[PDB]
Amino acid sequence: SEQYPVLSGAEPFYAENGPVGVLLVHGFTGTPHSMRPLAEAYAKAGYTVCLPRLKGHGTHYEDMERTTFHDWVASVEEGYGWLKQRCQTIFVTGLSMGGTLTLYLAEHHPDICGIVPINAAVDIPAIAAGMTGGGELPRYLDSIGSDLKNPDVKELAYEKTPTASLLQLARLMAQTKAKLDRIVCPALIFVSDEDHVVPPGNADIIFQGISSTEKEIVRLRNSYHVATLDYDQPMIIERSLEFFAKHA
């Protein structure tokens, strides 16, 4: 029900190739742009890929305000279902809330062959901190600045963040965190040492909470939050390809 046009570079991306699929999920207020280089690299290597645009994302923040986390889940379920028609083995990877949605999916779908969450969020104390300051909360908050080490990169993201959406995110994370123990599939967890948006300790929470026997944390020493576009991008791609091949 978006009323604004999809921004250039924020379109969903599909590639139909082999019988192994990768679903790529972008983050909160973010767009497919943050995940596109990964998507193209995986498609080139012969994977069928689906990079959806989350409902209310990549248009305008007014559109986002109307959406709930169930809408964002539905956008990822559509992508999953699209892969399931073309693929017998499926991996899911995501940045930030895209990582949260990756964990969410694996909690609901045991058939998922492996997950690659990247700076995934299950606990962001800054949200409660902003809600408890005593002041009237604006309907729309000025968004946190783009967090990248590479100075020449610009994340495509909303300049304002609806308060309603932030509350929706907090609810999504709370449920996702609570059910981490349902995940048993292999997990490759990337975390930026210097993430100024999602506390790096989230990676430890996820690592300890999931029940997976095959799990690993890989630390990114040359990236901030938006690692998929940052200096460690080629290593993320290389390590993920290794992970997919090992489990495909």
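When you see a residue number, it is the position in the sequence shown, counting from 1. Basically, rigid core = biggest C-alpha set you can superpose within 1.5 Å across the two forms.
Comparing 111 to 119 with 149 to 157 by root mean square Cα distance to the shown form in 5 other deposited structures of this protein, with the rigid core used for the fit, gives 149 to 157 as the more displaced stretch. Greater average departure of CA atoms from the shown form, over structures and residues in 5 other deposited structures of this protein after a core fit, characterises 138 to 146 among 138 to 146 and 82 to 90. Compared against other deposited entries of this protein, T132 counts as often unmodelled, lacking coordinates in at least a third of those that resolve the residues around it. Just going by the entry, 69 to 77 versus 83 to 91 on mean CA temperature factor gives the higher value to 83 to 91. Look at the mean CA B-factor for 23 to 31 and for 190 to 198 in the entry; the higher one is 190 to 198. Comparing the C-alpha B-factors of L103, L169, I118, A178 in the entry, the top value falls on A178. Note on the listed residues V49, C185, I205, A41: the highest Cα temperature factor in the record is that of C185. The PDB entry assigns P162 a C-alpha temperature factor belonging to the lowest third of its chain's modelled residues. Among all modelled residues in this chain, the alpha-carbon of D63 has a temperature factor (C-alpha) in the lowest third.
Sorting the modelled residues of the chain by their CA temperature factor places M97 in the lowest third. In the PDB entry, a CA B factor belonging to the lowest third of its chain's modelled residues is recorded for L54.
Per the deposited record, the Cα B-factor of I210 falls in the middle third when ranked against the other modelled residues of its chain.
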